[PDB]
Each structure stands twice: as C-alpha cells, then as structure tokens.
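If you read the protein sequences in the order shown, they are chains A, B and C.
Each residue of the first sequence is one higher than the one before, counting from 3 in the entry's author numbering.
Each residue of the second sequence is one higher than the one before, counting from 676 in the entry's author numbering.
Each residue of the third sequence is one higher than the one before, counting from 1126 in the entry's author numbering.
All residues carry an ideal CB built from backbone N, CA and C; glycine is no exception.
Below is one structure, written out as structure tokens; the observations come after it.
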Amino acid sequence: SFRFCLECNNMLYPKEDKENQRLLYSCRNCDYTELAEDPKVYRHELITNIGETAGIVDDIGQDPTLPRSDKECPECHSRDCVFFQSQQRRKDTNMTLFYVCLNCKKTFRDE
Amino acid sequence: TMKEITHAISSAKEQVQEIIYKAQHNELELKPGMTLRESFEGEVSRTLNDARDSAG
Amino acid sequence: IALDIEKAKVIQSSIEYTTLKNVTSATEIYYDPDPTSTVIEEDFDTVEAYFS
Ligand SMILES: [Zn+2]
Ligand SMILES: [Zn+2]
C-alpha cells in the first residue's frame, strides 16, 4: 500500500534530504512533501503465499456444487461445514483443504 | 470370480482414498523430479492400472 | 563412487547449477543513514555485534 498526494492525487515518490538525512515522499507535479514513517522503501517476495487463503467470500455457503463435510468448527462448533482446496493454482500448489463454517465462516485446516 | 473382482476393485478404491487423504494432509512422499500433484497423479494411475490388471 | 551413495550425492550436489535466486526468499531495500548502526531493531543486534 502506497500513498498519494493529498492535493494533486498523484503518486508520491520516496526522496532523501541530504542536509537532514531523512526519508521523504515527494510528488513530482507539485511541491508537496510528507515525512516517511517506515524505512521499508521497497520489498519484493521471491516466494509468496498471498492468494492462498485470501479467496474468501461471506456467501460461499450458498454454492450447491461445493462438498459438505462434518469437520468441527473451532469457533462455532457447528456440525455442518463446507471445504475447498487452495484458490491459488500454481503448478506447485499444495492440496491442503480450507474449511468454512456456515455461521462464523472462519477458514482453517486439518493440519 | 465376480465377488473376487469386486473385492479387488473395492480394495483399490480404498487405497486411492487413503492416498488422497495422505496428500491432503501433507503426509505424501514426493517422487524426485516431480511436484506433489504429479506424484499423487502418478501413484493413483499406477494403483488403478494394477487394479484392472488384477481383476482381469 | 558408483557403489557409494554418499559420494554420489556429493558429486550430484557439486554438479547441479545453483544461483542466488534459488535460495533467496525475499529482498528488501531500506533507508538507513548511519553506516555504523541501523534503524531496524530486529537486525540491530547482529549489526552491532559485527561492528564490535
Ligand atoms: Zn502532484
Ligand atoms: Zn458456525
């Protein structure tokens, strides 16, 4: 998540003040500049796990084509649950199941 | 002979079910040079071919 | 070597191509104006131990 100029709406780029030795975010079409809070200017993940469990919707229990199991919900302890494998579909994706209850909709595994 | 064939096929289906459970709980050994999915598919195919050969 | 599995594994490791990208899990860029110290608290202990 990156921020934008509050008066120009354009993207703010990181900058360093030579005299102050501080990190700043400065727009390019305007003189607006704001102090940087975090030092993590850039991050790149070679191996990532996002998109595995993020694929959750509140009304996934209304799908009739999804199998229904009897795994115990940690939160609601309901007798009815719906499970599915990982939404991320890379060639080396694990086959672990994600179980969703009909009340709390918490995603969990059998591991 | 039909009961023998049915028993063999049922045993093979039970074995495939156990393999499915093991793969779903990360308990499955991985064949070198192949991913988890590829190893799982190869094992299931071998089991089913052996089932047909035994029944025949 | 042909009849010993350990030496064969050693040779196999010695032949296979391995790059930094193979073992690298993630990379990051930080702003830190003090070469003799750091801003990150997690890496502060290691860098200070190295400098001492
Ligand atoms: Zn601007
Ligand atoms: Zn519930």
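Check	Outcome
When A:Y101, A:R91 and A:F6 are compared against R30 (chain A), the one with the closest alpha-carbon	A:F6
Any chain B beta carbon closer than 8 Å to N51 (chain A)	no
Per-residue DSSP class, three states only, for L8 (chain A)	coil
Near ligand 1: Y27 (chain A) beta-carbon under 7 Å from a heavy atom	no
Element boundaries [beta strand (DSSP E), containing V1148 (chain C)]	First-last for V1148 (chain C): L1145 to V1148, but that is the alpha helix (DSSP H), not the beta strand (DSSP E).
Interface flag, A698 (chain B) vs chain A, CB-CB below 8 Å	yes
Residue environment, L68 (chain A), which counts as buried when at least 16 other CB atoms sit within 10 Å	exposed
Status (buried if at least 16 other CB within 10 Å, exposed otherwise) for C106 (chain A)	exposed
Any non-hydrogen atom of ligand 1 closer than 7 Å to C32 (chain A) Cβ	yes
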